[PDB]
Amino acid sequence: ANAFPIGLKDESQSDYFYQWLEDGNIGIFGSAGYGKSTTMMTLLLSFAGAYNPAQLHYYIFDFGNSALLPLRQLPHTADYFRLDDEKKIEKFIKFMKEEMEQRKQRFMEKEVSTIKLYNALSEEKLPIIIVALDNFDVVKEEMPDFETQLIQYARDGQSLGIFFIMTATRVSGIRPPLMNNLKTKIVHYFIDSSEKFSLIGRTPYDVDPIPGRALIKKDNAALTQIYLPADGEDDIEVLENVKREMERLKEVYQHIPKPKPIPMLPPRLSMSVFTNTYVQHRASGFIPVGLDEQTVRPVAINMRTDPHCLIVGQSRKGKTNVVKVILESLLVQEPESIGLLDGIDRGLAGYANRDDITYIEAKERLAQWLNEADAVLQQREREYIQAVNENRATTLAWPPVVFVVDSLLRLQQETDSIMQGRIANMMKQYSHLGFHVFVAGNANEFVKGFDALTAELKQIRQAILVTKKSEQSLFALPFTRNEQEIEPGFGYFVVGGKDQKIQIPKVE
């Protein structure tokens, strides 16, 4: 449970025990082909057998030669990193900074120093995070940014319940801060004599003749034979039984929730893949518009609280795509009617033939749809008023009567003062009775328009921007000089003052 036996000490004989937490970070050292990765594999499997996946999280950085590739199958492993996975390692650095910062807040909120205290008092436990790193030499030379973070994890992490394990072929070159934080040190055979001398550490010879100066030996070193991770007579038999060992851990920890992999944005994102894999909420009155940039989770429009939405931007392709993302997501719901007013370019002609979609082009056809829409909304208004006057609980949600517009300029041309005022009144009257409006156009069109219809649209506080925040005077948002360019399938989701970057999926 606590004392993990990792090897047989040379002197009957007793096992060398590694105390949980107390013995701190582990530092595996030695020349090539002397059991650095086996010691790594023995440690990680030993801890996995005692603690749950929910209690113990691994993040294996295998930069050696795929020696820790079997450990990828473990339920304890959150993610597995290689030298080629640079973008994944960069995100991990961001993840740990946020995770450590969040930990420090929770510790300070409940007035505690160590993780052992926090988990004891708090009912919701935090997982122990071991950062396994095979081959430190390659990190030392080729990855100085990651090296800086590894020193921070070893120093500050242990108190927050974030331990660190690493193998290294050349100790001469490792910084004293990193070396000192490595509490436990497993030292395998070395070829060079100079490499051994540095691992001896402080001795009574280091003590100068000064009253008060002294060496404090906590515990003596021990010559130990490290156990193999599984029984076997050769490398293949051990590797086979190591696989069989993990199959048991998978079976034993079946109901225990597994750790989340590091969230990553795909290079290409379609609507079909977005709806199937990522979108796993499928709630009524929620239109998923795209994945968040940082967290990589579906962001959605709450139709009950925020019924209307603007699609602002210069890009014709960008706006039209966002309309299709909304139309596709609206079809998953059970709408009463959808009045699609397409622009002068007939881009959304494919949605015309589909069910529950009235394709609008001329002015006369728009008037017919407004009559059908208003007739339904008038009935809902009666049921709402009758419910309040009879002291009854009002209906929570209705089938959405949506009015999608691909072009604001086309809407103004196809309507007059009377018809524009009618639509504006419908928004004022029926916004709480399942009426929705999705307009698309340039930023200046909303601002320049002082007509009855456009005056109502400019007051809508929710929007999907497919343009820069600096290049619009509609929503007062935070921005800077060095703002990111608006590439295809990228925009901002504005709602209730706040905003966030999102990856908008392409509708084929």
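Position 1 is the first residue in the sequence shown; the rest follow in order.
A chain break between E11 and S12 is present, corresponding to 4 to 9 residues of the deposited sequence without coordinates. For the two regions 344-352 and 224-232, the entry's Cα B-factors average higher over 344-352.
The mean C-alpha temperature factor is higher for 472-480 when 472-480 and 31-39 are set side by side. Across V402, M427, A283, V312, the greatest Cα temperature factor reported in the deposited entry is at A283. For the set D306, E247, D79, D134, the PDB entry assigns the largest Cα B-factor to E247. In the PDB entry, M419 places in the highest third of its chain by CA B-factor. When the modelled residues of the chain are ordered by C-alpha B-factor, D23 sits in the lowest third. Placement of the Cα temperature factor of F450 within the chain: highest third of the modelled residues, per the deposited record. For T167, the recorded CA temperature factor ranks within the lowest third of the chain's modelled residues. Among all modelled residues in its chain, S113 ranks in the highest third by Cα B-factor.
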